[PDB]
Q: 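After the structure tokens below, expect a handful of questions from me.
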Amino acid sequence: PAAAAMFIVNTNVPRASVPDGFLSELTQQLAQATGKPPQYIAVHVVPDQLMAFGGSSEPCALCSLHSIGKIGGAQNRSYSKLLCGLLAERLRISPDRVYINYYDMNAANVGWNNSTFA
Amino acid sequence: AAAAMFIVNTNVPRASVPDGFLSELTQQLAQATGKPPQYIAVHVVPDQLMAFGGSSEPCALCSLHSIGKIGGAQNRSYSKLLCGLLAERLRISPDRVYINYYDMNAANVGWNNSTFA
Amino acid sequence: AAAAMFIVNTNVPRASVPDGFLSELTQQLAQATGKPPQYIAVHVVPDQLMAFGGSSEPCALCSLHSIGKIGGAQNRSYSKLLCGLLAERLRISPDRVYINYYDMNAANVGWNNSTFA
Ligand SMILES: [Cl-]
Ligand SMILES: [Cl-]
């Protein structure tokens, strides 16, 4: 599929708790997992959010992975283990307090560089 | 299917959001969707640079992602509920609120190292 | 249908977002989509922690959700428009912008206590 993918993390954990290296690690790990070049992976981390999961304000995250292709039942299970693992290790968020929404984007529906990936 | 998540982005000030608002959203959404509250997630983002129709009046852009429980009649019910809460608690007119509803396939929601498929 | 909404998330600092940018996006999107500006919502989020291709140079991740007016040719036109505006006003290179396009079903957009069904 065309090369783009993007991963967003929204979390209540504080800015101070995001490791140096985290966005770079997300980029490299997602490139590897999706088979996409890192040049076309975008990552976005949003700490300090007002959020709750199950009515509790213990650490949690709501995430999205938008990808042109490379989305499906088995792949998404694999991404979830990878990404929950990174959020647990790096941000100290329990995997049972993380949702990740997966979106398979059509290339014609991803704009870039004044045009689209179609 | 257990999961649902509601996100509100708004231009109203942080100081205007009541202390119990996340808990109220959780409880109200659990009742509206029939899902246990244990698996409802909520997220409120105030102080945003955002306009509705070019105007700086209070407004909101929201999303409700749910595995199931999404459809024409249900979404109407959720809009009345959620616009009502945003009006009552955040003083946002319902005609300056959009809510995008997403019926998520269970295979497309990750949680706890796996997906809901 | 009247509704559309445009969201920009960017790592450019808040002080670099010019006065009047939300209004310009509203007017330009209204012209491009044929929708009245009164039902276009825009949302800009500066100072984000982002990387694009591993780099923290200026970049943006954006969404355009619209009832209708979404398709291959229209999206290419919107990308030229919106990348143009982000370059002109926020000094972001077009090759560091993604815009996700979503054609929303009217029944899945809540507004004013109901939906657009
Ligand atoms: Cl509850
Ligand atoms: Cl530029």
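Order of the sequence lines fixes the chain letters, A, B, ..., with proteins taken first and strands second; residue numbering starts at 1 for each chain.
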Q: Mind jotting down which residue pairs meet the side chain to side chain donor-acceptor pair (under 3.5 Å) criterion with at least one end in residues 32-47 of chain A? Sequence neighbours excluded, please.
A: A:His44-C:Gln48

Q: Drop me the distance from B:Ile7's CD1 to B:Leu25's CG, to the nearest 0.5 angstrom.
A: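 Here the interatomic distance stands at 11.5 Å.
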
Q: If you draw a 6.0 Å radius around NZ in A:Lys81, do more than 12 non-hydrogen atoms from other residues or ligands fall strictly inside?
A: no

Q: Could you pull out the closest heavy-atom pair between C:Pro13 and C:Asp47, with the gap in Å?
A: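 Nearest heavy atoms, C:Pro13 then C:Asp47: CA-OD1, 3.2 Å.
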
Q: Of all heavy-atom pairs between A:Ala4 and A:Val110, which one has the smallest distance, and what is that distance?
A: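 In terms of heavy atoms, the two residues are closest at CB-CG1, 4.4 Å.
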
Q: Look at the side chain of B:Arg91 and the backbone N and O of B:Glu88, then say whether any donor-acceptor pair between them is shorter than 3.5 Å.
A: no

Q: Can a side-chain donor-acceptor contact be found between B:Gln27 and B:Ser23 if the only test is distance below 3.5 angstrom?
A: no

Q: Could you state whether B:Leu22 and B:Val97 fall into the same hydrophobic cluster, counting links through intermediate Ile, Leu, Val, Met, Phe, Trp or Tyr residues with side-chain heavy atoms under 4.5 angstrom apart?
A: yes

Q: Could you please spell out the steps behind the side-chain contact (heavy atoms from CB on, under 4.5 Å) verdict for B:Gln74 and B:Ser77?
A: CA-CA 5 Å; B:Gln74 291 169 106; B:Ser77 195; 5.6 Å; no

Q: For A:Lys70, is the NZ atom crowded, meaning more than 12 foreign heavy atoms sit under 6.0 Å from it?
A: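 Yes, because the 6.0 Å sphere around NZ of A:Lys70 holds more than 12 heavy atoms from other groups.
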
Q: Is it the case that the side chains of A:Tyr102 and A:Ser80 hold a donor-acceptor pair, with the cut-off being a distance below 3.5 Å and no angle test?
A: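 The answer is yes; a qualifying pair exists.
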
Q: So do B:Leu29 and B:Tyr78 actually touch side chain to side chain, heavy atoms under 4.5 Å?
A: no

Q: Do B:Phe6 and B:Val45 share a hydrophobic cluster, counting only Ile, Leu, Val, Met, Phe, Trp and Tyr and linking them when any side-chain heavy atoms are less than 4.5 Å apart?
A: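 The answer is no; the residues belong to distinct hydrophobic clusters.
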
Q: Is there a donor-acceptor contact under 3.5 Å linking the side chains of A:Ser94 and A:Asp96?
A: yes

Q: To the nearest 0.5 Å, tell me how far A:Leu83 CG sits from A:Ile100 CD1.
A: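 The distance works out to 4.5 Å.
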
Q: Do A:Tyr99 and A:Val45 land in one hydrophobic cluster if side-chain heavy atoms of ILVMFWY residues count as linked below 4.5 Å?
A: no

Q: Side-chain polar contacts of residues 50-65 of chain B - donor-acceptor pairs under 3.5 angstrom, sequence neighbours left out - could you list them?
A:
{"from": "B:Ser55", "atom 1": "OG", "to": "B:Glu57", "atom 2": "N", "distance (Å)": "3.0"}
{"from": "B:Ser55", "atom 1": "OG", "to": "B:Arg96", "atom 2": "NH1", "distance (Å)": "3.4"}
{"from": "B:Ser55", "atom 1": "OG", "to": "B:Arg96", "atom 2": "NH2", "distance (Å)": "3.4"}
{"from": "B:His65", "atom 1": "NE2", "to": "A:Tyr103", "atom 2": "OH", "distance (Å)": "3.0"}

Q: Working to the nearest 0.5 Å, report the span between CD1 of A:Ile68 and CG of A:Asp104.
A: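 A:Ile68 CD1 to A:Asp104 CG: 9.0 Å, rounded to 0.5 Å.
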
Q: At what distance, to the nearest 0.5 angstrom, does CG of C:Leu86 lie from OG1 of C:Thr10?
A: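 That separation rounds to 7.5 Å.
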
Q: For residues B:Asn75 and C:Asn108, is any side-chain donor paired with an opposing acceptor at under 3.5 Å?
A: yes

Q: Indicate, with yes or no, if C:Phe116 and C:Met104 share a hydrophobic cluster defined by side-chain heavy-atom contacts under 4.5 Å among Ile, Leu, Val, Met, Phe, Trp and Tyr.
A: yes

